[PDB]
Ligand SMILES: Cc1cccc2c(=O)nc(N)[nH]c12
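Next comes just one chain, in structure tokens: the form solved without the ligand.
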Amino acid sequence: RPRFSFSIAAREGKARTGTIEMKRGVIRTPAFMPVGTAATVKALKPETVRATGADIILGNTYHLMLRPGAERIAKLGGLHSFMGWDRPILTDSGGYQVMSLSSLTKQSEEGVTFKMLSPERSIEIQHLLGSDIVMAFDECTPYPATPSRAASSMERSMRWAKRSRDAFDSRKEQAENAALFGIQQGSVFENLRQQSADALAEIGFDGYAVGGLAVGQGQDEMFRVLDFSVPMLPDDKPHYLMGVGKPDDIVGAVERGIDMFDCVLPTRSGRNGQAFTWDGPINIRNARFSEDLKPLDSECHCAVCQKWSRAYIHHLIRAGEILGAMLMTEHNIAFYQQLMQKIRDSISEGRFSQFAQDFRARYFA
């Protein structure tokens, strides 16, 4: 396999389906990436993550650079070996979590200090972890933002995008074996989104993320911004919507040209008792499930739905049992993978628009 090759096999409107080939494996697009926080997809063995159909996972960097530490993981052979996932890993840059989880932060043009993460140090950390897809280090503008502050943040992010590009390219093994994605910023403003896309395309990246749209915008607003923002990006490279989302967010984003997704909702809300079904989410703790012998979802192909009832998982979650977290999480990630497969197949068959409408009518009934 090549270091990086994105191929589009079929299209329908703005939607695409295809593949990203990388040294550690092939990624089917549109793709959902389960999130690995602290070198684990919570409550799942990596073999279970793969069994659900995931081709790639996201590793948060922030926690890892704090524990066990990046240099430590490098000494131990890298994140793939450490956690036992041998397929591609996309690593976030650490910037968002450094802002939201850290103390006494101090921002500057050089980077952020917290209780010094700069673009160079972020790219270095991603290297030490052995990331396959490295994200440029940026500033994730809050929502709402005034146009002046949005512009300022976006401009800084574009300077840091060039810094990230140069840092990555100056490390031979990283440039030869990994890929680098740039992140579009600009809040909800079309002119800033365009400036950002133009800056990123002049630098050149292997893929383009749409940053800053999962920090409080409602779906209508997010979709409106995607309508004008995704077409600004190079057509022939993957389009990654960071931090999105609910099943219906994903369908609509693919309708608007997105190829890749990550979010904590299937894992986090699985542990809290929310199960995704084709008829919408259910909260398994509700008393109406205490004697329900049906599987979480009536059509789901996952191992959990093959073997255990709603009633049993209801009991586990109410009891605080680890196995409850395990089963809810497996099911929910499997549901997300089955959604992505249905999306891929319907685009390939020229019937995605009909799928999206059918999906919506039943998911919201």
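The numbering used is simple: start at 1 and walk along the sequence shown.
Quiz item: In this entry, is the chain continuous from residue 115 to residue 116, or are deposited residues missing in between (none, 1 to 3, 4 to 9, 10 or more)?
Solution: Going from residue 115 to residue 116, the model skips 4 to 9 residues of the deposited sequence.
Self-check item: Entry-level comparison of average CA B-factors, 185-193 and 101-109, reporting the higher stretch
Solution: The recorded data point to 101-109.
Self-check item: Segment of higher mean CA temperature factor, 149-157 or 90-98
Solution: Mean CA B-factor is higher for 90-98.
Quiz item: Considering only 239, 80, 127, 271, which residue's Cα atom bears the greatest B-factor as recorded?
Solution: Of 239, 80, 127, 271, 271 has the highest C-alpha B-factor.
Quiz prompt | Highest recorded Cα temperature factor - choice among 314, 45, 63, 331 | solution = Of 314, 45, 63, 331, 63 has the highest C-alpha B-factor.
Practice problem: Could you tell me which third, lowest, middle or highest, the C-alpha B-factor of residue 49 occupies within its chain? | Solution: Lowest third.
Exercise. Ordered by C-alpha B-factor within the chain, which third holds residue 351? Give me lowest, middle or highest, please.
Key: Residue 351: CA B-factor falls in the highest third of its chain.
Practice problem: For residue 198, return the chain-relative third of its C-alpha B-factor as stated in the PDB record: lowest, middle or highest. | Solution: For residue 198, the deposited C-alpha B-factor lands in the highest third.
Exercise. Give the position of residue 300 by CA B-factor within its chain, expressed as the lowest, middle or highest third.
Key: For residue 300, the deposited C-alpha B-factor lands in the highest third.
Practice problem: Using the B-factor values recorded in the entry, state whether the Cα atom of residue 318 falls in the lowest, middle or highest third among the modelled residues of its chain. | Solution: According to the entry, residue 318 has a C-alpha B-factor in the chain's highest third.
Omitted from view is the form deposited with the ligand bound, to which the following refers.
Exercise. Determine the site state, open or blocked: transfer the ligand from its pose in the bound PDB entry by superposing the nearby C-alphas, then count ligand atoms within 2.4 Å of any backbone or C-beta atom, with 3 or more meaning blocked.
Key: Result: open.
Quiz item: Has each of 250, 255 and 363 got a heavy atom lying within 4.5 angstroms of the ligand in the bound PDB entry?
Solution: Not a single residue of the candidate spot has a heavy atom within 4.5 Å of the ligand in the bound PDB entry.
Exercise. Would you mind picking out the stretch of 283-291, 180-188, 161-169, 229-237 that comes within 4.5 angstroms of the ligand in the bound PDB entry, counting non-hydrogen atoms?
Key: Correct option: 180-188.
Exercise. Could you confirm whether residue 243 comes within 4.5 Å of the ligand in the bound PDB entry, counting heavy atoms only?
Key: Looking in the bound PDB entry, residue contacts with the ligand include residue 243, since a heavy atom lies within 4.5 Å.
Quiz item: With the cut-off set at 4.5 Å between non-hydrogen atoms, does residue 225 touch the ligand in the bound PDB entry?
Solution: Residue 225 lies outside the contact set for the ligand.
Exercise. With heavy atoms only and a cut-off of 4.5 Å, decide whether residue 96 touches the ligand in the bound PDB entry.
Key: Flag for residue 96 set to yes.
Quiz item: Quick one: is residue 138 in contact with the ligand in the bound PDB entry, heavy atoms, 4.5 Å cut-off?
Solution: Yes, residue 138 sits close enough to the ligand in the bound PDB entry that at least one of its heavy atoms falls within 4.5 Å.
Quiz item: 211, 88, 119, 130: which sits within 4.5 Å of the ligand in the bound PDB entry by any heavy atom?
Solution: Looking at 211, 88, 119, 130 one by one, just 211 meets the 4.5 Å heavy-atom criterion.
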